[PDB]
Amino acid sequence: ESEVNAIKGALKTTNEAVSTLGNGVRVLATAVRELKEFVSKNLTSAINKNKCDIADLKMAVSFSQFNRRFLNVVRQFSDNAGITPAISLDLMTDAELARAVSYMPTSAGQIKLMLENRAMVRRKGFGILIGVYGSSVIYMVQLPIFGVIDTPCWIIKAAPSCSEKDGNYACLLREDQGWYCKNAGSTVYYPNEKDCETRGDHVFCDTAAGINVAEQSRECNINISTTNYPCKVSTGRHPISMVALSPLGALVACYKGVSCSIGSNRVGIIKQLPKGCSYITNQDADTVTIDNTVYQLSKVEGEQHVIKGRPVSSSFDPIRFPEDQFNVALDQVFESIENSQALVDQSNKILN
């Protein structure tokens, strides 16, 4: 029994080893508890909060995207307080514009022609905010019907024609100046050049400015001294020096104390004009000068810019977990549990 005293001491040491290792396992459980309820409560709550803010912003952006046309129409009618100067792309899309023109009361060929200038159709037309009921905006767009197209059209410019005999001046000046467009049974006359807009060879005329004139008025473009029509021409006794621009040129009337010359923009004066009426082409000069006032004959072409936006990049950099090293150690633990328990059944069932 020198052995049984020692064996008692030894089992007690063992029961102390289990009690101490147990107090360790209990503390390890308390640590996993604080980690488990940090994750359950503090961590998943914060991610769902971010999930909620994220879903908020996705909804906001989508609202702005899925209702763009609507939101633009509100912007435009607010900015002009109910009346759009033009038919914007948002008020009526190109598909809609072409289908409406495709139902206008005209011939197929005029529809074709209108279809060709639908930009002008948009600018000469307009939009009206009719009403806001609840969440709807009701408006009407008003489109021009161009029933007359491709008829002869021309524009008249003039300068003072002064003749002098013995100190006195006799000045005739046409007062016909402006746009003439031909029409069925008459010609329409638009007195100010601003009353008609040119887009290519086509001339877009505001109906309100038009005054119907007799076709015979075109005889003034052959012989001014025609007896068939009363050509509107005014007379004066004083010389007036001035510059009148044409599409393709200019009329200059140089009289009395003025220095009229034709020049270029890079180098200077190239030719002095005589006193009287000079007609110059867009290809003869770039400038007509009266004393110190210089007139441009053509549009002066300037710089040419090119700008590209800054690039947009993605910021997605996901996260994962190094699972292999961990998951193998925990598998090991479940075996260290099962090996030891099987060993204590051995030990305990060795007692026979």
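Start at 1 and count along the sequence shown; that's the residue number.
Between the two ranges 313-321 and 22-30, the one averaging a larger CA B factor in the entry: Higher of the two, by average CA B-factor, is 22-30.
Comparing 152-160 with 114-122, the one whose average Cα B-factor in the PDB entry is higher: Looking at the recorded C-alpha B-factors, 152-160 comes out higher on average.
Criterion, highest CA B-factor; candidates, 40, 298, 283, 292: Across 40, 298, 283, 292, the entry lists the biggest C-alpha B-factor for 40.
C-alpha B-factor winner, where the candidates are 327, 50, 304, 67: That would be 327, according to the entry.
Position of residue 85 among the chain's modelled residues by C-alpha B-factor, lowest, middle or highest third: Within its chain, residue 85 is a lowest-third residue by C-alpha B-factor, going by the deposited values.
Where the record places residue 212 (Cα B-factor, split into thirds across the chain): Middle third - that is where residue 212 ends up once the chain's C-alpha B-factors are sorted.
CA B-factor ranking of residue 224, expressed as a third of its chain: Its C-alpha B-factor belongs to the highest third of this chain's values.
Chain-relative CA temperature factor third for residue 184: For residue 184, whose C-alpha B-factor we compare with every modelled residue in the chain, the answer is the highest third.
Residue 165 - which third its CA temperature factor falls in, relative to the rest of the chain: Its C-alpha B-factor, which the entry lists for residue 165, ranks in the highest third among residues of this chain.
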